[PDB]
Amino acid sequence: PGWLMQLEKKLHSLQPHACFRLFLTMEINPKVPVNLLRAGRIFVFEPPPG
Amino acid sequence: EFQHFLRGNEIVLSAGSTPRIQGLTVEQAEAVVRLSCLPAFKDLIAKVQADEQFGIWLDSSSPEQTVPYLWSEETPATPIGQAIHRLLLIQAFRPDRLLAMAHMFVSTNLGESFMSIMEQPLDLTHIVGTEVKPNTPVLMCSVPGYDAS
Amino acid sequence: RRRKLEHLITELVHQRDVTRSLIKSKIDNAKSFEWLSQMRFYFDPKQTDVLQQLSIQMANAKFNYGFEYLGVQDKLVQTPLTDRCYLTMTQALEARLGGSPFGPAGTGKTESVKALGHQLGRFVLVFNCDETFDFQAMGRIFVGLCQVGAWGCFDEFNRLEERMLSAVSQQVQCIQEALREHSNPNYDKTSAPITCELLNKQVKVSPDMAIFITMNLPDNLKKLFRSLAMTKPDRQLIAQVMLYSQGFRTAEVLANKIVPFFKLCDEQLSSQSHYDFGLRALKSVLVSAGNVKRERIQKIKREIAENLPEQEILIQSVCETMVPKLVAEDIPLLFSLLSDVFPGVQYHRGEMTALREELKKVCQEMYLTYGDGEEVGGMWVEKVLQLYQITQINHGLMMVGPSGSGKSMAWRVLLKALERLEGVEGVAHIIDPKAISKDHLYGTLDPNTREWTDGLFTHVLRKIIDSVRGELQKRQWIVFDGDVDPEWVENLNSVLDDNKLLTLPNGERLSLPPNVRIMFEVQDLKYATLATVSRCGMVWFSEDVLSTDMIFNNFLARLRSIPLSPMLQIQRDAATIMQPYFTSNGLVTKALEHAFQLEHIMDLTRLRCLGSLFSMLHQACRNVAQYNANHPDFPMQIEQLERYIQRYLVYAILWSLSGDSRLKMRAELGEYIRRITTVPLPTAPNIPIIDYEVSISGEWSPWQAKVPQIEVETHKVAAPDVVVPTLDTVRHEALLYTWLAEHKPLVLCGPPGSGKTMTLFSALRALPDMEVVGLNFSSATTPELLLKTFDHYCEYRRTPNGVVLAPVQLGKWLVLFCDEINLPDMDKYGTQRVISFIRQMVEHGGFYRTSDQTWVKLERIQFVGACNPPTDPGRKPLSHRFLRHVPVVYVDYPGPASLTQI
Amino acid sequence: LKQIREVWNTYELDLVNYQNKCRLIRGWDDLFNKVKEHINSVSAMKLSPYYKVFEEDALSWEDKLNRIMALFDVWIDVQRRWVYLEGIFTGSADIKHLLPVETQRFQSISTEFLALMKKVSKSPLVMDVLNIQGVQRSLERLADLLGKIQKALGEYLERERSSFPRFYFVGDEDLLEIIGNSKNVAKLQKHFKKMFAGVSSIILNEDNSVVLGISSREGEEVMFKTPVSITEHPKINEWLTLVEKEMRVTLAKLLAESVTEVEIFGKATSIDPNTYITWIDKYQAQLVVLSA
Amino acid sequence: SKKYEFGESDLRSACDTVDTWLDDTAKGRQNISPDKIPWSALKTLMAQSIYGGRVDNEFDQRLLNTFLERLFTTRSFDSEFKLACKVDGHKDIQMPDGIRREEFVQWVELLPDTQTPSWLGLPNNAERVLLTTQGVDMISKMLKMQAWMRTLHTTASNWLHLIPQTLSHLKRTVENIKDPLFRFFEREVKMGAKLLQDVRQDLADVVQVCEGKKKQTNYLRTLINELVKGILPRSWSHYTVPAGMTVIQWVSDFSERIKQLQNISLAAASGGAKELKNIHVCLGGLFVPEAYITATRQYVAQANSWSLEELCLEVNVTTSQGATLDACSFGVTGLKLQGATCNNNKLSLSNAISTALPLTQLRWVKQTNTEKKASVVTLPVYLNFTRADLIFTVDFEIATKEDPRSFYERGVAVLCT
Amino acid sequence: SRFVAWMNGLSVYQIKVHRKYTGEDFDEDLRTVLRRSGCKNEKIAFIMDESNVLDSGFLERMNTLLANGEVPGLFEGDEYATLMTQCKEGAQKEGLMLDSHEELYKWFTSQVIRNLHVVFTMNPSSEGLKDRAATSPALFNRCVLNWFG
Ligand SMILES: Nc1ncnc2c1ncn2[C@@H]1O[C@H](COP(=O)(O)OP(=O)(O)OP(=O)(O)O)[C@@H](O)[C@H]1O
Ligand SMILES: Nc1ncnc2c1ncn2[C@@H]1O[C@H](COP(=O)(O)OP(=O)(O)O)[C@@H](O)[C@H]1O
Ligand SMILES: Nc1ncnc2c1ncn2[C@@H]1O[C@H](COP(=O)(O)OP(=O)(O)O)[C@@H](O)[C@H]1O
């Protein structure tokens, strides 16, 4: 979580490149800082039932 | 109607929970007693006394596609009023189907395509190409025991 | 040999059970899993290597028996839960994983892991985590685990702080990840030793190590540890095996009767902090029962006679351990449960008649009450005998009971009786924590010098250890007369337990000799870690243990002796008259019981009103003696003295029992006395008895006869002007004169501006040899203020026979008027330092100097304080242990008549 | 700004006596907080443009305060490290033989530091620590020497701990007592309970030169088949390794003998209680239960 | 019963165990045997080490053992083998024949898209209760996504009126202490009276502060904050409560419990030692239900001279209210069977949940220390609808048609509320 | 307050408190104000705000000062000697004799009583007023409360 906070506060610095995307595989737990959660786009993946 | 839907059905009362229909149980009867206080029906015991077909509707596999007009008020020609009354009635009888009926109340209020996108698996090739700024990190949360990489 | 036989019995019972139950179920193949699932040993005496001779297998995992010399470690009963725990742990080890049993505390997770480690012969280390965890040591301890080949363990890992938890989790994740590589199919042969990063270096990881984490786990370890649920041990089987190992016959019946009994004592009995009915207590009870049975066998054989009633032995062992811890109201509950599970067996008790005679002889000279059975004092003597029994077992017994229960006198009498009987001298050091800083209790190192300055406890312990005068000819009893909390008791842990050694921050070890007991005299027991209360036995005192009749008997006995010749004669003639009122019925005790249902500020205590009554009765005795000395001819007549005392007693009981309540309760108590008394009373329509005084020659003179209507001079109408006389003023004058003649501490509780300070000062003009020192207590007030006051006014520290603190002026008594004495802030442990300080130096008449660690005695110091009603915001109630000595006075606002007169 | 001048002529170094007949400085709060407050005050005064009354009165003392800080922040560290190293080097009378070069280096450092201590104690004054020529540079030299010798001590401790890794369990001062106080064995036995499981003592010879066996805390004993000789194995870690190896081999041999004896009990329809009791009394508890 | 974690690590461990044991047994590279597979080793290792490690309660272990025993026998190698005995009663799931993974994968991909809880062995109506819970949760979320002195005052006064007045904490005696039932009921009444007094005082303070008559304190402030959010105050829960309960439900339950305790106190006042046994108490309205069982056992052992540990429980579901009440029989009401129905004393599987048991009778018979016939089942008696606290276990006979394993894997139980 | 203090001939004293104030800084300020009040016979209107309060030690010192004059333990040995020097200088300035330490101290206390006035300025009543009364009751007994609406 601390290094993730460091990453998210670093991300506020502008990255001029347009095709650069940063995908972060994630676990659904409250220990993640809320700052990154609010800053970046969120997707949720679930195991289909059956 | 919404106030009764959210919390108005959780009120407390003294008596009146007598069973009338052998197919209608005590919890359903007590829910009827709650729903009776809403003037949008003004009577429910009398309606279920007649129309024995209601009992069959009480055991249907999907008893939300077709629902009898137990409310006896001014005609809800607008589909929204009919949908919300039927949704409250479904909350009364067979609450398990509620969610399914919930979908209907959304659909008739937003078209029969509103939630169809979520049913189809997503394709990120359009989401990350345009809708995602290069400064925004795309987080992919995964339920424990599953990987989205 | 006894422990060896116990281990063999424990092993052979399990061997027999496995052989007859799980092998005789129609099994004939040596490769069947019903046999392959057990713990098999294979010995090859031809293998040259020491670590290749004994191979131990559980299901399919092979372990080489590390030939560590474990000494004699207690074994564990192989319950089916223990069997499945062993199987799961070995399966985790074979897969190069770690075992993580969990469940409620007390099911034996750490013990099971340690027993498994010992079974394979592996030096195992358990880390208690919790509070005593050494975060610094882990960096080298993990390397030691990796290189030595030890086992390692953890205890309540979730009880560790989050940051240390994360750091240790990262370290153990690295270690376990390195351990996972020994089972790589491509890396099956270890050409290059496996290395791990612990201290920024490559550390070789021995394959024989492990890590176990017992919880009550972080996402890092979720993929590396095999969990295991240990929620309930098989108590019945453990009890049966332990009783069988002790020689008990019909052990299964005894276990089936005793396990539910302990499952009841935590359900029917009222829950208490010190109540422990876990498996550890059961094992202690069983070993005590075995010892008792062997003692019975030896006693019978000294007139293999194996026909003793074993249920009687079991209940005797249970009682001798559980009775002292009861709260004096669960005793009928405990005996009812015993009669329920054990149908028709009675608890017989030893007598110790020599100690009974010693206690009787000691109590006869201390003016105490002694009783052998159901008579008065029987329960107190039983508690003293229980204290003696606990003395010979542990070394850290802590007697507990509400203020007013006879526990201090109990151990004083026990010490005197043991000195008389054993012939060895007895010395007791009454150390009072929370009045001295912890830094000055154990000692401190100045970082700029590295000089070790020992504190009070370390000093006295070092004096005991050094045989300057005597280290074994006496019986040192370090008594901690003060409430406990986990700030200083944490350093005393290593002394209470079996270690019997105190470590010091300067790197020193002090082992106390086997003649010192660390006793505690507390009343709450509500602020203490379970480790402290579990490392030492205790006896529980109760309010009803000390009856009021014994209080009255002690007062009368100390009145007929101890002169306040002619003075003692007048005391005896008065005690004879007051005797028919202390008969456990009649006047005094009926009023005492009736006064406990009245609205009293600073809630009453039985030992406070009685102490006030005794003090004012002593004042009456010295007053009637003063009157006798006033008239040489015609001395004080007995007939008039009878009717003087009979009414002064009513005056004193009214002003002591209802002396801290509004006029309504005083009038109510007066009416109750009118209803129940038999002595003559003033004949008034509605005037309460509170408005009368028992004048010499025995008359109810109205207080209004001592209200001189005076005119004050014009220029002085201010506060420093003396009081204008009124009923309340001239009544509190006599009351405070009575309580200040005997040099007793006082408390005046009342609404602000009522006149407490003014009344006290006006009373202090009547006394011509009392100096006043006004201290203003407030929040963040600590006993250092009193020390500075003494340094300012009590320069004397002469040592004729010990350090004595005396005021500078000769022949004068100082009164330290501590205004707002209940205002000092109460810390998060429910106590006040200054209150405890002024309680110890009043009850014990002195304190300890923090500089030279010496017992300084008070000489001419007295305490008076002012207060406000405890319901007032910002005010906190005073401790009962302090309120017991100080009689409080409720000075309400003057009435309209009083205001008009003033 | 005058009050600074009147007050700075009054501070001594507030010296205390030492166990080895020395002098040490204890006052650090007054010699740090007051000095930093004064330097902040003089900076605020001089940077104020109205300095017509102190045109040249603050630059003359800001450098003095900076020198005070620069000397004292190293002086405190030198004092702490020197007293710690003195405690280390004047404990067990064997560190003079273990790393003697470090011993003589610390001897020279202590000689110079005691010369400085005598110099400051002879003329104690907060300015009389500035007139010493080269006091600062000698102070950093002493700090560097103390740091290097402490680092060498740490490296030696790590090297000693790497051999016989059981030393990883004990602390630093305990390890120092173990390695140093090794000529006589009467203080090692209080650390054996944290290096092994149940080994609370060692059965020394009459003249404590040969180790014959191991004793438990309660009193159980195991006697080595081949005693470990310290008179032929110095360098304590080596004969400790020999002791542990002999413990393993002796336990193995005793277990072999015990199981050979038990094989008689295993296949016997009857049994003599006295023989079983004698066998129980012969071997150790763990060996007995393992034999069974 | 608990939301365990059965992630991929357990599957990897099971695969490793299967590999190791199959390789050890089958040294021959080709077909070994349908019977020589170490079935016992695999069953025990799954049931005790890798899958049963996380199992806390005994009944979940029983369910896991039932699944492992049904699935991991040599009969699975037979051509005909029902993986699911009955889907829609007549609908069965056959074991796909094959010796290579491709045909098994093809079978998996050809599974019918219809899926019902009957595939899992659960009753076919479990989806109904699951959907009901999901709908209730959705309503709760929407409510959570939706001055107030007046709003709170009316409902606080309604709660004050609904809760009965202070109960008669006057159960005092001198020769009935020897009666365990009197002791248990006395402590129950004392606890109920204390909690009722505290709740009544707090609610009166809330009512008066909602009227703006007194300055709220920190304790009152946080109590009001709890009340307005619709969350049960922490300071009120002194007995076991379902995890998650609105204050309305807790208030109604507390009113019912206080009514029951008032009736008990009135009966004790009428009698004191003979009427406490004849009372018909419900186990759901008691703060410590298992203490009632213990007290009943104590009273039964006290009436005779038998030891407490020599008694065994026996359950009779008497029809309606026979009011037999033998010397050892005790009447408990409110118990509900889940997924099963009893005619006289024998169980039978049912498709309707929450069957009510009228006037359960608990007898303490001096056990003969014998093994019961293999035609009975052990049912748990939980306290809440969330089976997270065990009170005791009943022993019930079953109709000869069904088998105990069906009862075990179906999830039948006894609920006190 | 400042206006009336100047118009009464009282030198107004104030505490310029920042976030770095400690107990010792307040003790030094109190020493200065006591020296100005006792010695030199200068009347002082020591005015302070609730914003001029940061620690309970401030109110403890105020409780010790407002009641019974002098503050016990405020002066250390060196400070004791200094204060004795200034107070003996002031006593000989007035004309009183120098006899012993005790009577110089009592003259200093009397001068402080006669030549010092402490003014507190606070915001309207809240729980802060209750807390302030609890930590120090002197401002409810020694200090007269004048509401200023
Ligand atoms: N037989 C007796 N045994 C003990 N105390 C007795 C007896 N008869 C009278 N007393 C009186 O009872 C009191 C016992 O007080 P004790 O000092 O033992 O109490 P404590 O609880 O240890 O004290 P504290 O309340 O200060 O903590 C004394 O006043 C003593 O005189
Ligand atoms: N199988 C067993 N055989 C004998 N004693 C046991 C067994 N299991 C637990 N105990 C006893 O239980 C006591 C407490 O165990 P403990 O180590 O505190 O477990 P935990 O640390 O998990 O609470 C131990 O003193 C031990 O003697
Ligand atoms: N003769 C008297 N009797 C009773 N009260 C008086 C008398 N003379 C003065 N008082 C009042 O009693 C008060 C005592 O003040 P003080 O001692 O500070 O109150 P307390 O100490 O009770 O808080 C004075 O303010 C005065 O108004």
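Residue numbers (the entry's author numbering), protein chains in the order written: chain A, 2585 to 2634; chain B, 2386 to 2534; chain C, 349 to 564, 573 to 659, 672 to 932, 955 to 1292; chain D, 8 to 299; chain E, 2684 to 2829, 2857 to 3127; chain F, 1492 to 1640.
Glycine is no exception: its CB is placed at the ideal position from the N, C-alpha and C atoms.
Candidates the options: which alpha carbon is nearest residue i's?
i                      : options                            : result
C:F617                 : C:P882, C:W856, C:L701             : C:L701
D:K232                 : D:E264, D:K242, D:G187             : D:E264
B:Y2531                : A:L2595, A:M2610, A:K2615, A:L2621 : A:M2610
E:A3050                : E:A2977, E:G2995, E:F3117          : E:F3117
residue 662 of chain C : C:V1107, C:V1040, C:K1096          : For residue 662 of chain C, nothing is modelled; it lies in the interval where chain C passes from 659 to 672 with no residues in between.
C:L638                 : C:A595, C:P692, C:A607, C:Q654     : C:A595
C:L829                 : C:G811, C:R1265, C:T1189           : C:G811
C:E510                 : C:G1049, C:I523, C:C477, C:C494    : C:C477
E:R2695                : C:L580, C:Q405, C:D397             : C:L580
So which residues of chain E does residue i contact, with C-beta pairs closer than 7 Å?
i       : result
B:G2530 : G2690, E2691
Looking only at its own chain, which residues have a Cβ that is under 6 Å from the Cβ of residue i, when we skip the five neighbours before and after it?
i       : result
E:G2902 : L2971
F:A1629 : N1554, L1557, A1558
E:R3115 : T2749
For residue i, go through chain A and note every residue whose CB falls closer than 7 Å to its CB, in chain order.
i       : result
B:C2422 : Neighbours of B:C2422 on chain A: none; closest Cβ ~39 Å, over 7 Å.
At 7 Å on the CB atoms, spell out the chain C contacts of residue i, in chain order.
i       : result
F:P1628 : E1210
In chain A, which residues lie less than 8 Å from residue i when you measure between Cβ atoms?
i       : result
B:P2404 : What B:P2404 touches in chain A: nothing, since even the nearest Cβ is about 37 Å away.
Below 9 Å on C-beta distance, what does residue i contact in chain C?
i       : result
E:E2896 : Within chain C, no residue comes near E:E2896; the closest Cβ sits about 12 Å away, beyond 9 Å.
Kindly list, in the order they appear in chain A, the residues whose Cβ is closer than 9 Å to that of residue i.
i       : result
B:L2398 : Ordered by position in chain A, no residue passes the 9 Å Cβ test against B:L2398, which lies about 39 Å from the chain.
For residue i, collect the residues of the same chain with a Cβ closer than 7 Å to its Cβ; drop the 5 residues on either side in sequence, then sort them by chain order.
i      : result
C:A558 : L441, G446, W499, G500
Can you find the residues in the same chain that come closer than 8 Å, C-beta to C-beta, to residue i, ignoring five residues on each side of it along the sequence?
i       : result
C:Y1127 : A1153, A1156, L1157
Could you check how far apart the C-beta atoms of residue i and residue j are, in whole angstroms? I think they sit under 8 Å.
i       : j      : result
C:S773  : C:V913 : 6 Å
E:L2751 : C:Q439 : Wrong, their Cβ atoms sit about 16 Å apart, outside the cutoff.
>> Please list, in chain order, the residues of the region 1248–1272 of chain C that have any C-beta partner in chain E closer than 9 Å.
In response: none
> According to a CB-to-CB cut-off of less than 7 Å, which residues of the region 2948–2970 of chain E neighbour chain B?
Replying inline: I2958, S2962
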